[PDB]
Amino acid sequence: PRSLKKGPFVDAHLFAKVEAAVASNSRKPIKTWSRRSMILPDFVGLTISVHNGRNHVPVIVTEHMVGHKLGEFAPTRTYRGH
Amino acid sequence: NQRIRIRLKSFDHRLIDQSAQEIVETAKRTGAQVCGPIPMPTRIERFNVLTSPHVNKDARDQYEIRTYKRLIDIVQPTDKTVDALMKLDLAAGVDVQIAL
Amino acid sequence: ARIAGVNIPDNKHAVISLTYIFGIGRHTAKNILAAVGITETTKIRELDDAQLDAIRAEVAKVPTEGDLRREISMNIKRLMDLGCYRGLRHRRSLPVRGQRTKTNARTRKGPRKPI
Amino acid sequence: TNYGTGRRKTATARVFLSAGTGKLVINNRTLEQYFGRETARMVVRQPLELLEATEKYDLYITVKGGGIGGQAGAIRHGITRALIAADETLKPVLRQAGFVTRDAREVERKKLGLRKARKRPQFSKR
Amino acid sequence: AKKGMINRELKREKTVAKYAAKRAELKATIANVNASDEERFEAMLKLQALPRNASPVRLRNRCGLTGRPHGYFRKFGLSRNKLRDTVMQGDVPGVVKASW
Amino acid sequence: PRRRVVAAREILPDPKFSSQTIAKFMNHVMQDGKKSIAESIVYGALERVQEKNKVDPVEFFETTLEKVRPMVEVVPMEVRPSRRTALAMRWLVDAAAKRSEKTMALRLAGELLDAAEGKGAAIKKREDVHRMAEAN
RNA sequence: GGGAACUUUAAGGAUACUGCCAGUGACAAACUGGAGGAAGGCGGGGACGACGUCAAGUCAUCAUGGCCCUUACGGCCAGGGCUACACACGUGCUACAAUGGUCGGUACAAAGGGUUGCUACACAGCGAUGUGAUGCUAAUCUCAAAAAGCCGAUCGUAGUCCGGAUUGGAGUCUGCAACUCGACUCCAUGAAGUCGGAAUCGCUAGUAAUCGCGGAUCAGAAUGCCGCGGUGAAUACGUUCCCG
């Protein structure tokens, strides 16, 4: 994982959108391609449409998600059996 | 105690020997004493190159390139010695470094 | 002798005997023995009661059997409920740390299943 | 007084032989300190044992390169050459013993397409 | 290789050259311990705000004649296909067939 | 080799007793080049035997080897003198392995001491080989 | 301080030719043995591939005849994939232990890499590593600890003080960024496996077997590939059988 001396990594545009919504109290989902951004405590209570390669999947952020990356909740491969 | 140190580098040991002989003769003419030439260890670099355009991993060419080094010491310089060394011509393929 | 609820062998050295408790390895065993004051080569059979309760007090300070198994189970169950990538791998019983599955996944998969 | 040089598998030994009463020193160490396995010590002592002269010489030995076996062989070769350089007439006996020959076997190079000098990767028709 | 890939490599090289000094200064500020933690965080943000092609990890070595991206040999700057042909006809100084 | 005859390789006698039998036995014992371990095992076995009975190791060993030496291999084919010693030392090596003493040197010493009296696993190995030898 | 002896470094030379002796062969070629010699009958290894074969491989290194596309089969970007997983095969690595595991002490290499690099030493940390600082453009300083080996203690045949897969938790570093999908460190966990069916592979000597070390590619990422040394065997009567 990323070294603690550097702190969590969040994309600037995603952080700007999140802080704008939280300064406001808007409710429509935030659309993003930033699968690599870490989920911060400010994200809790928001719905984010994360790209998964061909679509945007909605993710409702809860408390326990803090400390994960956004991409962990949008799987990319489709498998149902042989 | 003014000592001149000359280091010769080359990719060809015959060329480097020719240059060293020329330098030592030029110095002995002016009459300063010489030490050397001393041969330093040679460096060898090897390369493995695939010869087929697409797929034959066992068909390869092995090449190499060597770097020869010679060391020359000049003691008790004569005034003419440094000028003769500087007027000595630069042979292609041999690199000469002079330190005082 | 009974320590932490299991019977460790009595004819072995203490550092090897204490590793028979779930949640204790060689490093933890030698740490406990050094902290209490018993030599690492002393067998359990030649340990008096007082040192036995001394060891028990130290073992009380680390999660050993039921607490540790419960904690591990809770950690796995939380991932499975959350539904992240690792939770999906745990649900499908597949490698979790990025190993290949086209071949060589038999520890997670179990023995081969004929078509 | 007399000198000898020995070589065996990239090992080199310098041997100085003089007249005295049997002291032996290798790299400022005794034989038992320098060599741990006893067969190496027997290999070192073979030339003087074969001559019944182990208490009539001093040996001063330096050795460099190789392993334990190579160094023992080099020391034996150097002792043989030093003895020959002291008495010429001794050479037939040492040559009969086989100590005069310089062993020329050396590690073979790895070759392209092989795992080792000779070992070849596993082959399959199908 | 296609002409587009070569022009892409050229464009990335130009961007790396253009943003060289600012990135080094930012990294020095980051690794500076005397500056305030606010300053270090601001430098981290500025470094993350640069264009992606400014970073040198996105450069790939290509053959100087054909642009091939595999088998590079940094010493010569040529991929294996051109290296073999240039060596075997004598235009590379010091390189010979190796045997030992 | 379809044209040639290759001379048998000649090995040096051991440094301690100057016995090629002991040297060849040591080479049979050795695995993957650990001659130091092989020497330790063989010399320990001979030393233990000498402590048990004050007999010189070289003829002690060759006498026991002659006793275990078979005249016929395993279905009887006929063999050459070198093969005799080959399979004799081969069987001798195995019996000490399945013996039960703590150190291999002691195990080999026990095997030799018991084979010297005919009560050795190598001995019944030879007996079974012979029993199938009278078959044909 | 000094010496130019020895080792080494690396250029140039000498040496081996059945040359000498004893029999054979055919009255030859050749073959057998001995001396001297570092080496004796081609001393060991490498590069060098005849006339030709397979419409063998490569239009994706490159060049090129012909055919096809042209607001698209050309060009720019972000995210994903090449890493999937009921299965089958090829090539490897690590094991199943006592000729061994662990702990303490103590020896002996070769070759190769280093200035956007390698780092002595001190301090901090269990450790990956971090901070300060010194030398090196290198037979000068450094990577660097060789490992197997030897001496001593312990373990006493147990799925074990064997083995080290998988999983939980906590970290370091490279990088704009380690979710898919990096390497490494620590604590915990401790799977299969007790030598492998029919069958099948490599190797004739410093070889096989076994032990460690380096490099190209490369920000990071080798159990692969190309190299280096340490220890160091067994067996060949012969040409019926299998293959070319």
# chains A, B, ... in the order shown; residues from 1 in each chain; ligands from 1
>>> residues_around(residues="residue 35 in chain F", least_positions_apart="2", cutoff="12 Å", atoms="only C-alpha atoms (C1' of nucleotides)", output="JSON, numbers by chain")
{"D": [37, 38, 39, 40, 69], "F": [14, 23, 24, 25, 26, 27, 28, 29, 30, 31, 32, 33, 37, 38, 39, 40, 41, 42, 43], "G": [99, 148, 149, 210, 231, 232, 233]}
>>> interface_residues(of="chain F", to="chain D", cutoff="8 Å", atoms="only C-alpha atoms", output="number ranges by chain")
F: 15-16, 36
>>> closest_atom_pairs(of="chain G", to="chain D", cutoff="9 Å", atoms="only C-alpha atoms (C1' of nucleotides)", output="CSV")
residue,atom,partner,partner_atom,distance
G:6,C1',D:14,CA,7.3
G:7,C1',D:14,CA,7.6
G:38,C1',D:102,CA,5.6
G:39,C1',D:101,CA,8.6
G:44,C1',D:105,CA,7.8
G:45,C1',D:108,CA,7.0
G:90,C1',D:124,CA,8.3
G:91,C1',D:122,CA,7.9
G:107,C1',D:34,CA,7.4
G:108,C1',D:67,CA,5.1
G:109,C1',D:66,CA,5.3
G:110,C1',D:66,CA,8.2
G:149,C1',D:36,CA,8.5
G:150,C1',D:36,CA,5.0
G:151,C1',D:36,CA,8.8
G:200,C1',D:124,CA,8.6
G:201,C1',D:122,CA,5.5
G:202,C1',D:120,CA,5.9
G:203,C1',D:119,CA,6.5
G:205,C1',D:105,CA,8.9
G:206,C1',D:105,CA,5.5
G:207,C1',D:118,CA,7.3
G:208,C1',D:119,CA,8.2
G:226,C1',D:112,CA,7.7
G:227,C1',D:110,CA,7.3
G:228,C1',D:109,CA,8.9
G:229,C1',D:66,CA,8.2
G:230,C1',D:67,CA,6.0
G:231,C1',D:69,CA,8.2
>>> residues_around(residues="range 60-67 of chain F", least_positions_apart="4", cutoff="7 Å", atoms="only C-alpha atoms (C1' of nucleotides)", output="compact mmCIF listing (two decimals) with N, CA and C atoms, in the first residue's frame")
# COMPACT_ATOMS: atom_id res chain seq x y z
N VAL F 55 41.42 -55.48 15.67
CA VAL F 55 41.76 -56.05 14.37
C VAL F 55 42.04 -54.90 13.41
N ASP F 56 42.99 -55.12 12.51
CA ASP F 56 43.36 -54.08 11.57
C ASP F 56 42.24 -53.87 10.55
N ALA F 88 28.27 -56.16 -3.82
CA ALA F 88 28.54 -56.40 -2.41
C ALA F 88 28.46 -55.10 -1.61
N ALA F 115 27.59 -58.57 10.04
CA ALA F 115 27.83 -59.34 8.82
C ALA F 115 29.09 -60.18 8.95
N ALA F 116 30.03 -59.75 9.79
CA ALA F 116 31.25 -60.53 9.99
C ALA F 116 30.94 -61.90 10.59
>>> atom_distance(atom1="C1' of residue 217 in chain G", atom2="CA of residue 72 in chain E")
7.7 Å
>>> select_by_dssp(residues="chain E", states="helix (DSSP H, G or I)", output="ChimeraX atom specification")
/E:3-18,20-31,37-48,52-54,56-58,80-88
>>> closest_residue(among="B:59, B:82, B:88, B:98", to="chain D", atoms="only C-alpha atoms")
B:59
>>> interface_residues(of="chain E", to="chain A", cutoff="9 Å", atoms="only C-alpha atoms", output="PDB file with C-alpha atoms, in the first residue's frame")
ATOM      1  CA  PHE E  41       1.543  19.155   1.134  1.00  0.00           C
ATOM      2  CA  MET E  44       2.742  17.332  -3.313  1.00  0.00           C
ATOM      3  CA  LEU E  45      -0.473  18.734  -4.790  1.00  0.00           C
ATOM      4  CA  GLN E  48       0.293  15.685  -8.794  1.00  0.00           C
ATOM      5  CA  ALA E  49      -1.226  18.502 -10.877  1.00  0.00           C
TER       6      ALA E  49
END
>>> interface_residues(of="chain A", to="chain C", cutoff="9 Å", atoms="only C-alpha atoms", output="number ranges by chain")
A: 64-65, 71-75
>>> residues_around(residues="residue 29 in chain C", least_positions_apart="4", cutoff="7 Å", atoms="only C-alpha atoms (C1' of nucleotides)", output="number ranges by chain")
C: 15, 18-19, 24-25, 33
>>> residues_around(residues="residue 61 in chain E", least_positions_apart="4", cutoff="10 Å", atoms="only C-alpha atoms (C1' of nucleotides)", output="list in words")
residues 9, 67, 68, 69, 70, 71, 72, 73, 74, 77, 78 and 79 of chain E
>>> residues_around(residues="residue 46 in chain C", least_positions_apart="5", cutoff="12 Å", atoms="only C-alpha atoms (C1' of nucleotides)", output="ChimeraX atom specification")
/C:1,10-14,38-39,41,51-52
